[PDB]
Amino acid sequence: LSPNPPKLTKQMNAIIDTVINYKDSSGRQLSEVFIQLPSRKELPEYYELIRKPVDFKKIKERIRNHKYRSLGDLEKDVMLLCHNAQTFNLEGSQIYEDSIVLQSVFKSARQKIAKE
């Protein structure tokens, strides 16, 4: 509800922007498909299997609303997105592999922010 210390908010945005603007070795923006969830009337089987749905838009919304109170609270929601992606989608598919790299990029972005 109330705003978190400005350093924390700036730290949260720096990590999320690094994860969203990330380009893999092939030069692709991996976050693109994870920005917005599939529509409930478009893929209802998603909301049937995924009990706690989340996307990069919902994560960015929780930073500005100050719903996350720490870098851990932010990490838990990014791990959940990647886990949900790895649950619904088949192993070996491009989307599945893309969620592995994004999850790793988050850990690297978090560690670089902690070092500063």
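Residue numbers here begin at 1 and follow the sequence given. Under this definition, the rigid core comprises the largest set of C-alpha atoms superposing within 1.5 Å between the forms.
After superposing on the rigid core, the larger RMS C-alpha deviation in 8 other deposited structures of this protein belongs to 23-31, the other candidate being whichever of 64-72 and 23-31 remains. In this entry, 35-43 has the higher mean Cα B-factor, the comparison being between 35-43 and 69-77. Higher average CA B factor: 7-15, of the stretches 7-15 and 96-104.
Per the PDB record, residue ranking by Cα B-factor puts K57 in the middle third of the chain. In this PDB entry, the Cα temperature factor of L30 sits in the bottom third of its chain's modelled residues, the lowest group.
Annotation for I50: CA B-factor lies in the highest third of the chain's modelled residues.
Among all modelled residues in this chain, the alpha-carbon of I63 has a temperature factor (C-alpha) in the middle third.
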